[PDB]
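Trainee: This structure is in structure tokens; I'll ask about it shortly.
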Amino acid sequence: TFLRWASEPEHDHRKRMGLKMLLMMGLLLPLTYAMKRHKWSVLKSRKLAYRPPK
Amino acid sequence: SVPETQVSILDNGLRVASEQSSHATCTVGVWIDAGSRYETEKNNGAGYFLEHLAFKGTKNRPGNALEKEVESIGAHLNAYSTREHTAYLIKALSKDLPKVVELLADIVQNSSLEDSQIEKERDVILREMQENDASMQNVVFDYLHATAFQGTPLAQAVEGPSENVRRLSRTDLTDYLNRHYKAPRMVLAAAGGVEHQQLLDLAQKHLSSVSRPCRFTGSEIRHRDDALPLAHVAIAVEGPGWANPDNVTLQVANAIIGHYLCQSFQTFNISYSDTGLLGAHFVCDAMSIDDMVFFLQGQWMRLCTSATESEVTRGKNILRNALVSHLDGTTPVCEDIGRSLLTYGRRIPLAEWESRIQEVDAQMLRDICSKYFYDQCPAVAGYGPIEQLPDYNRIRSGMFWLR
């Protein structure tokens with residue numbers, strides 16, 4: 001355990017950063033996905049129709 | 001001291017209004033609260049096709065002998081149909097006032113729809129529609145109505161789809177006639193050299209027999225046809241309606257907007273019963289398309305944010321000078337009178353219009369413009385080479401400013 005600590009004194013600090021990163025990404029990924037799906041809904045609902053004058 | 005429009009509704013419900021003027025020529029019309037908004041997609045061209053059939057003879061005056069009568073006094077006979085109102089009006093002399101009223105009585109009741117004529121007027125209507133497509137601005141405004149009022153009876157056109165036109169019969173027409181021609185929904189309007197008591201007596205003599213959720217939708221419709229030389233684009237937002245007074249303020253704003261870039265700018269405030277379309281219909285070359293827009297949207301946001309007193313005063317003067325719409329001419333006034341009684345239920349005098357104009361200042365103009373233009377979803381209708389016409393996100397983002 002000590003040698004491990006030696007080889008990475010920041011082990012603890014990092015894991016705290018990783019926990020904050022997972023919480024922030026769990027907050028931010030569905031919200032950015034919702035913004036993308038808002039701004040892409042317009043097209044994803046676009047209905048095309050071909051009306052040759054005939 | 002505006003000449004008052006004396007009104008005399010009948011027990012049947014026929015409001016009879018008239019305004020007297022020096023003109024020895026008088027215009028008399030019948031307004032009916034019946035348009036394409038009252039049609040239920042199975043009779044989508046009934047009002048238009050009845051408007052074609054209404055001058056082709058009645059029971060008492062069979063065929064062209066009827067129009068021979070309106071040639072005999074030298075009178076002019078006109079009719080029109082909108083999405084909410086139908087009008088049958090005659091411009092004549094003053095001394096021919098009784099017979100004209102009698103003629104109008106036949107046109108609203110006792111009318112005769114000949115089966116022979118029905119086929120002939122179907123070919124007329126069909127052909128006109130088959131060539132109506134030629135008029136672009138009509139195509140663009142119909143597209144704007146369709147995409148703004150999808151799923152409602154306000155999307156469907158006055159003419160209707162060729163389908164219905166072909167598939168229509170006397171009985172159907174008879175229904176529309178017998179259903180939407182009720183006496184309480186009718187105004188007999190007269191303007192010019194007419195006496196109100198004589199007109200009331202004539203309405204009592206004839207015409208005394210007449211029987212007794214609107215939603216806007218923001219959507220991008222784009223009819224691309226690159227062979228056309230010019231492009232017509234209309235952008236609108238939801239209007240307030242007939243009875244909402246800030247229409248007056250919006251009219252001033254429309255005035256202030258005026259028309260400054262690519263040619264063919266314009267502005268409209270079309271009003272229906274508690275709804276409407278307020279916007280602009282420009283028409284232009286491939287490149288100007290966007291900028292004009294960009295241009296146009298900037299002006300709207302300026303009216304939402306930075307309206308000054310000088311342009312408000314200019315718009316008020318332009319609107320007042322626009323009261324000339326009322327003017328004194330028999331036809332225009334009569335027409336105005338016709339709507340007044342159908343929409344407001346009364347004739348608003350020009351002094352009340354002047355009071356509502358002079359109470360408008362810059363602060364309430366930018367307040368009402370922010371209420372109706374800022375951060376609103378518009379309806380867009382384009383026809384022609386409209387590839388450089390921006391799609392809905394760019395127009396929607398141009399409907400507000402980040403500053």
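As shown in the structure tokens, the chain order sets the letters A, B, ...; within each chain, residues go from 1, and ligands are also counted from 1 in the order they appear.
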I need the chain B residues near chain A as a list in words; criterion: at most 10 Å, counting only C-alpha atoms.
Mentor: residues 219, 220, 221, 222, 223, 225, 391, 392 and 393 of chain B
Trainee: Output C-alpha atoms for every residue in the selection just made, as a PDB file, in the first residue's frame.
Mentor:
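File part_16.pdb, as written:
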```pdb
ATOM      1  CA  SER B 219     -43.762  25.766 -39.590  1.00  0.00           C
ATOM      2  CA  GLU B 220     -41.384  25.904 -42.518  1.00  0.00           C
ATOM      3  CA  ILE B 221     -43.141  25.211 -45.802  1.00  0.00           C
ATOM      4  CA  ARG B 222     -40.954  25.529 -48.880  1.00  0.00           C
ATOM      5  CA  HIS B 223     -42.174  25.136 -52.447  1.00  0.00           C
ATOM      6  CA  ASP B 225     -39.191  25.520 -58.148  1.00  0.00           C
ATOM      7  CA  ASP B 391     -34.282  27.317 -42.598  1.00  0.00           C
ATOM      8  CA  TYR B 392     -36.280  27.536 -39.411  1.00  0.00           C
ATOM      9  CA  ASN B 393     -33.455  27.710 -36.848  1.00  0.00           C
TER      10      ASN B 393
END
```
Trainee: Quick check for you: according to DSSP on this backbone, which residues of segment 97-145 of chain B are classed as alpha helix (DSSP H)? Reply as a VMD selection string.
Mentor: chain B and resid 97 to 108 115 to 132 136 to 145
Trainee: Do you know which residues are at most 10 Å from residue 318 of chain B counting only C-alpha atoms, after dropping those on the same chain fewer than 5 positions away, and could you put them as a list in words?
Mentor: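 The residues that qualify are residues 251, 252, 254, 255, 256, 258, 312, 313 and 323 of chain B.
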Trainee: Please measure the separation of atom CA of residue 140 of chain B and atom CA of residue 85 of chain B, giving the value in Å to one decimal.
Mentor: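 We find that atom CA of residue 140 of chain B and atom CA of residue 85 of chain B lie 21.0 Å from each other.
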Trainee: May I have the residues within 10 Å of residue 16 of chain B as a PyMOL selection string, using only C-alpha atoms and disregarding those fewer than 6 positions away in the same chain?
Mentor: chain B and resi 5-10+30+186-190+196+199-200+203-204+338+341
Trainee: I'd like the interatomic distance between atom CA of residue 234 of chain B and atom CA of residue 381 of chain B, to a tenth of an Å.
Mentor: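 These atoms are spaced 5.3 Å apart.
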Trainee: From a DSSP pass on the backbone, collect the residues of segment 227-394 of chain B flagged as strand (DSSP E) and hand them back as JSON, numbers by chain.
Mentor: {"B": [231, 232, 233, 234, 235, 236, 237, 238, 268, 269, 270, 271, 272, 275, 276, 277, 278, 279, 280, 281, 282, 283, 284, 379, 380, 381, 382, 383, 384]}
Trainee: Determine, counting only C-alpha atoms, which protein, DNA and RNA residues have an atom within 8 Å of an atom of segment 344-346 of chain B; residues of the same chain fewer than 4 positions away are not included. Present the result as an mmCIF file with N, CA and C atoms, in the first residue's frame.
Mentor:
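Saved file part.cif follows:
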```cif
data_model
loop_
_atom_site.group_PDB
_atom_site.id
_atom_site.type_symbol
_atom_site.label_atom_id
_atom_site.label_comp_id
_atom_site.auth_asym_id
_atom_site.auth_seq_id
_atom_site.Cartn_x
_atom_site.Cartn_y
_atom_site.Cartn_z
ATOM 1 N N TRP B 242 -59.728 40.930 -34.361
ATOM 2 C CA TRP B 242 -60.454 42.139 -34.726
ATOM 3 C C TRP B 242 -60.687 43.049 -33.524
ATOM 4 N N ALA B 243 -61.103 42.482 -32.397
ATOM 5 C CA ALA B 243 -61.592 43.257 -31.266
ATOM 6 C C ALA B 243 -60.490 43.753 -30.336
ATOM 7 N N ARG B 339 -67.853 45.581 -43.024
ATOM 8 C CA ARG B 339 -67.056 44.844 -42.056
ATOM 9 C C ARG B 339 -67.362 45.285 -40.638
ATOM 10 N N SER B 340 -67.410 46.593 -40.423
ATOM 11 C CA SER B 340 -67.658 47.113 -39.086
ATOM 12 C C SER B 340 -68.784 46.361 -38.419
#
```
Trainee: Using only C-alpha atoms, which residue out of B:320, B:179, B:205, B:167 lies closest to residue 41 of chain B?
Mentor: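 Distance minimum relative to residue 41 of chain B lands on B:167.
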Trainee: Here is a test: counting only C-alpha atoms, which residue of B:134, B:193, B:159, B:269 is nearest to residue 53 of chain A?
Mentor: B:134
Trainee: In Å, how far is it from atom CA of residue 54 of chain A to atom CA of residue 136 of chain B?
Mentor: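 For atom CA of residue 54 of chain A relative to atom CA of residue 136 of chain B, the distance reads 18.1 Å.
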Trainee: Out of B:290, B:335, B:387, B:367, which residue has the shortest atom-to-atom distance to residue 31 of chain B when counting only C-alpha atoms?
Mentor: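 Smallest distance to residue 31 of chain B is found for B:335.
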Trainee: Could you give me, as an mmCIF file with C-alpha atoms, in the first residue's frame, the residues within 10 Å of residue 24 of chain B, counting only C-alpha atoms and dropping anything in the same chain fewer than 4 positions from it?
Mentor:
```cif
data_model
loop_
_atom_site.group_PDB
_atom_site.id
_atom_site.type_symbol
_atom_site.label_atom_id
_atom_site.label_comp_id
_atom_site.auth_asym_id
_atom_site.auth_seq_id
_atom_site.Cartn_x
_atom_site.Cartn_y
_atom_site.Cartn_z
ATOM 1 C CA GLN B 20 -75.417 59.566 -46.524
ATOM 2 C CA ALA B 92 -75.425 52.669 -58.799
ATOM 3 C CA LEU B 93 -77.105 56.057 -58.892
ATOM 4 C CA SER B 94 -79.135 57.373 -55.974
ATOM 5 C CA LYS B 95 -82.495 57.443 -57.793
ATOM 6 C CA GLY B 192 -73.338 57.756 -50.367
ATOM 7 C CA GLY B 193 -76.495 59.488 -51.514
ATOM 8 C CA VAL B 194 -78.970 57.313 -49.601
ATOM 9 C CA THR B 330 -69.476 55.191 -51.817
#
```
Trainee: Within 12 Å of residue 53 of chain B, counting only C-alpha atoms, which residues show up once you throw out same-chain ones fewer than 2 positions away? Write them as a PyMOL selection string, please.
Mentor: chain B and resi 46-51+55-58+63-64+79+107-108+111-122+124-125+170+173-174+177
Trainee: Let me make sure I understand: among B:293, B:262, B:365, B:348, which one has the smallest atom-to-atom distance to residue 305 of chain B if we use only C-alpha atoms?
Mentor: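 Using only C-alpha atoms, the shortest distance to residue 305 of chain B belongs to B:365.
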Trainee: Measuring atom to atom with only C-alpha atoms, identify which of B:87, B:34, B:183, B:286 is nearest to residue 228 of chain B.
Mentor: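 Between B:87, B:34, B:183, B:286, the residue approaching residue 228 of chain B most closely is B:286.
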